Amino acid sequence: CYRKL
Amino acid sequence: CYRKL
Amino acid sequence: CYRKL
Amino acid sequence: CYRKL
Amino acid sequence: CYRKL
Amino acid sequence: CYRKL
Amino acid sequence: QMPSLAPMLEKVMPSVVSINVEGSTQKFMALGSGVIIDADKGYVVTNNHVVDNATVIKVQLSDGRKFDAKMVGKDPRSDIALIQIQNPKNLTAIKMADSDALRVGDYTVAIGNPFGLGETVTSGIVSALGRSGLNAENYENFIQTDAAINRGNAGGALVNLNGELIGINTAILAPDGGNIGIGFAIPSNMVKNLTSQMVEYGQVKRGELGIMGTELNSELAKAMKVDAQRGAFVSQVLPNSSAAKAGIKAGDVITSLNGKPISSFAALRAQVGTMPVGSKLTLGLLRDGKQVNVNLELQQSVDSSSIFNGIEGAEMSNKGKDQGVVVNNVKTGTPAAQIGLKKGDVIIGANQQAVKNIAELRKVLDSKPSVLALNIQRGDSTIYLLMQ
Amino acid sequence: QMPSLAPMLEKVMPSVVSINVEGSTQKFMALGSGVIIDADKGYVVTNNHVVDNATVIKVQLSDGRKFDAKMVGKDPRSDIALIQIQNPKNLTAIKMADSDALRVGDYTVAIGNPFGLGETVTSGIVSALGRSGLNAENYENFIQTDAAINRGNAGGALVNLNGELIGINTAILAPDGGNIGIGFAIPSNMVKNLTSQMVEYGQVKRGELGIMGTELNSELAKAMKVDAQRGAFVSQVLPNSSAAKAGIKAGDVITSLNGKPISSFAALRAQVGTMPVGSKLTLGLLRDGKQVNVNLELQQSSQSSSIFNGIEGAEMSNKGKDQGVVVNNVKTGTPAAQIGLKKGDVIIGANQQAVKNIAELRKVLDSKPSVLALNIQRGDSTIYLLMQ
Amino acid sequence: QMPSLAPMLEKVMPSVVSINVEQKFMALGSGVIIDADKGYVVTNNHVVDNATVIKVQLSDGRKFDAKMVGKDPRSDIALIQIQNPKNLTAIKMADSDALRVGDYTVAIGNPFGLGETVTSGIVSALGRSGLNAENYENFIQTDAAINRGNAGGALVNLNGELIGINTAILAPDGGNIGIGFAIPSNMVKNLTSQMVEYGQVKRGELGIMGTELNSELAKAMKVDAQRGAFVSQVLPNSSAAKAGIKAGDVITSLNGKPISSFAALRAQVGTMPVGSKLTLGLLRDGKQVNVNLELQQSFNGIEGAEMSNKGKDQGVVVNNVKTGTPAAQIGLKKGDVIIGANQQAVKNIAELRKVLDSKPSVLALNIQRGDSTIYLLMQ
């Protein structure tokens, strides 16, 4: 999925 | 409970 | 199916 | 559960 | 009592 | 039960 | 003359404790184990899922002494908590070790309290490193060990052959609920960091970089003509962020962190989310063939699901010069949807309470009223709206 | 040229056997394992519960040599059997070790016939010492091991790295009938003490201290201002007792046994519950924090399957001077209910043979005629009972 | 200073992989590289059978693609070949016969797909079998943790040398209970290398029939050993017969190595290739008989009948047909002489080959049953 960092 | 040696 | 312990 | 074997 | 992997 | 070998 | 672990466990085992915890909600008792970090202060690290929703918490040392101990901090996004002891007297602390030196092959000795039997020791090896994904949400950089671990081992110590703490055991993988050769442990360097945030702050200062990404497979490196197969592909570089300030390129792959290679994104993602808001770390890159290493710093990130308490439906903040709470959120079908909270409407507040900011609301909401009725006004229409 | 258990297991593995019993309650057959104690006599030790209800017992050697074996006795209170090999030739006996030298963290190797496969070896470590409290009736002082142990490892060997017997593998804690890393084994000194009586007498002389007591927890330790958090608390001392003679008063906390620290009351019970009558021993105890030592010996305890070899419902009490086969305990619905007689009264007059002593029974009770005729004197009257 | 396996594993993990296979199912598993240049990976047949596509993923991330090379469901070894292989690492073989119970073992695989996982243990026992009756098994047993997906994995000794391939475990709950089995290296060596030279496992058998030797037979027939291999009948005209093994014999050693059970020897030699020579240790009348043997199978011929030439250019002769064979179903009998086939006058088996090598859907044979002239039809 979309991944945030 | 209570035991006896 | 991962168990945590 | 304890198992005797 | 029969299994495989 | 005899098996060839 | 034999080899043995007894000389090491003879001096470390007093630094592992049993944990019996009582909640009030539905009320339950739960079992577990912990690790004494600080002798004098009494800081005992444990798992978050072990200690949440708990009225009474009692700690039982390796000795047999029962203590009391209330919470010092928690963090369910990585499953680490901290507690400290009532009347800490003559304790023993564990020695931390650098989890970043561990290799797939080192021998591990686990400690904990399975099935409330007491302090049991197990031997094994580091099965593999940087394990993530068994629960996609939280930060996972799990050390995998074949050391045996069962129910109640959580918060238990995983220590190398010198007795230095390399991990806190947090999970297993058991289709029948019994150890089948897979244990999972959170590295001590992530643990030392969150034990270090719960002491000074009381909570965790959720750090923020300013990038986005996704796990670099072996397919992307084939077409992107990238040399490495495992890394972190920086899709999105967020603007005005401390990350972008370092010149982080779009389309890079982070492969280094303190000169130490990186297993996975969800590991690097996990490795970073366990840090204080004002730390400084280096990243090795790979733009077009040049491994440009750049320093960096993290920048800030006030959650409102803690004001909901079961009726969470959408995101509410603060407006202007405290004219009111905020409703930019537009959610349909949520727990806060049947009660008709639509967009562009905050007011004063409930039960004759002047509410113009998020804090002024929290002042009186948490007086626990039987029924609470907002005052929200849409356009010119002053309406009301009731809960509980 | 790497480290290995193979050179030690070359010599010790023959001393481990597999046993296969057939019997009645039915029809059933089950399997276990055994350890050769006396080579020249044919003395195999095993678990009592694999030996209950035994018509024919056939050991099998490691090399495939089959044999036959009659019982030498049993001990249902510690789950230790012992058996005698019929026509034994060229056996090997395993060396013992002192269980009082075991420390947590030492290395262990488990040998047995799990799952009817054959002589299977597993390794582990001493997970913990002196675990008990799985069934109140039995004297247990178990050793916890992570060495894999499964059904058929019964009465197996558990040994240190010099091939010296430390334990007889007894039970596993495993919810799902398969080892999850917890194994329990009776220590060597216990097995050594019990078997020793089982050779001379075919029974265990139970010698008592004459003390009542209970587990000392850290909350009772707060009560009595005692600086010990585990130990043995003294409820009351019986009159004309070996302990009462020694100077044991109510309100003392037993802290050591022959100088060795005490893990629990359950261990103190099980440890001296096995020693033969008149065994010298030292105890350390705590009366108002003045650490007092005392010495004593055991005295006699005073106040069916021992002979039947199949039905443990009744209990053959002491013969008496003139009397015999008196009984003082039976359960309703036992195999001692099909027989006709009851606990309240019993004597002897079997098959028109003037008989009174339990030894005079078996000289005809082993004759096994087609039909048996008891002759108790229930009440003041004469009666008879028939069988087979 | 603490000892560790990380030095040994650093050199060996490159040689294990994870494999994925794809009404239609999708499979997990593990394999191990045998030949770096050609990219040969070995694994268990029960992960790579019924495989539309075979996707190998090395230790470093690099996914590749593999095709089948051989298979052998009877022992459960199957071999793949990696397509377009660059920079591969071959694991070093070990001689299983040097294993002893009590040795230390390391199990590398891909359990539950999680990733390349390492687990330690000892040699629980050797020569185990009897779990799959109709199967060749000489299993190594290890208490090294092994679960679903670890199959086809690596069992290496403390020096990283391949001693066996992890295969099956006994576990009522579906999780390892401390009883894990593995196929010995030496068997894998014999099975793999056969799949490269011949594509299949050609495993002819010497001609002993017989059954296990139990301690009860030791008493009845004055036999010094309690575990071995008892010979019922020898097949006639087989190597076992030619070598002079008789009924009532007991087999105690294979090539100087002792035998555990008849079911093990039945597996050790089931993996040997056709014509392998060997020496058995026998026991007749309590005296040591040492034998030497050579295995045997289970143009100039045809499916059922044997054809040789006769005379100059006259035609080939069917010299014997076994009843029930295909060539006896088509009607060919003893003595028939083939002068033409499909309007093509035939002489030698070479003019018959090119005609037959056309692989036509029909065969009209202009034979000569005795003095008469007939046609025979096949296919």
# chains A, B, ... in the order shown; residues from 1 in each chain; ligands from 1
call {"tool": "interface_residues", "arguments": {"of": "chain F", "to": "chain I", "cutoff": "6 Å", "atoms": "only C-alpha atoms", "output": "VMD selection string"}}
result
chain F and resid 2 4 to 5
call {"tool": "write_last_selection", "arguments": {"atoms": "N, CA and C atoms", "output": "short mmCIF file (atom, residue, chain, number, x, y, z; two decimals), in the first residue's frame"}}
result
data_model
loop_
_atom_site.label_atom_id
_atom_site.label_comp_id
_atom_site.auth_asym_id
_atom_site.auth_seq_id
_atom_site.Cartn_x
_atom_site.Cartn_y
_atom_site.Cartn_z
N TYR F 2 5.67 -58.39 1.76
CA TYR F 2 7.05 -58.43 1.27
C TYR F 2 7.21 -57.42 0.14
N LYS F 4 9.67 -55.69 -2.86
CA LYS F 4 10.83 -55.94 -3.73
C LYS F 4 11.88 -54.84 -3.56
N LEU F 5 13.15 -55.24 -3.60
CA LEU F 5 14.26 -54.29 -3.49
C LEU F 5 15.56 -54.90 -4.00
#
call {"tool": "interface_residues", "arguments": {"of": "chain H", "to": "chain I", "cutoff": "7 Å", "atoms": "only C-alpha atoms", "output": "count of residues only"}}
result
16
call {"tool": "residues_around", "arguments": {"residues": "residue 343 of chain G", "least_positions_apart": "3", "cutoff": "8 Å", "atoms": "only C-alpha atoms", "output": "list in words"}}
result
residues 327, 328, 329 and 330 of chain G
call {"tool": "atom_distance", "arguments": {"atom1": "atom CA of residue 336 of chain H", "atom2": "atom CA of residue 206 of chain H"}}
result
24.1 Å
call {"tool": "residues_around", "arguments": {"residues": "residue 108 of chain H", "least_positions_apart": "6", "cutoff": "8 Å", "atoms": "only C-alpha atoms", "output": "list in words"}}
result
residues 123, 124, 125, 126, 145, 147, 158, 159, 160 and 161 of chain H
call {"tool": "closest_residue", "arguments": {"among": "H:375, H:217, H:353, H:47", "to": "residue 80 of chain H", "atoms": "only C-alpha atoms"}}
result
H:47
call {"tool": "select_by_dssp", "arguments": {"residues": "segment 45-223 of chain G", "states": "strand (DSSP E or B)", "output": "PyMOL selection string"}}
result
chain G and resi 45-46+56-60+66-75+80-85+95-96+107-112+120-131+142-145+157-159+164-172+183-187+211-213+215-216
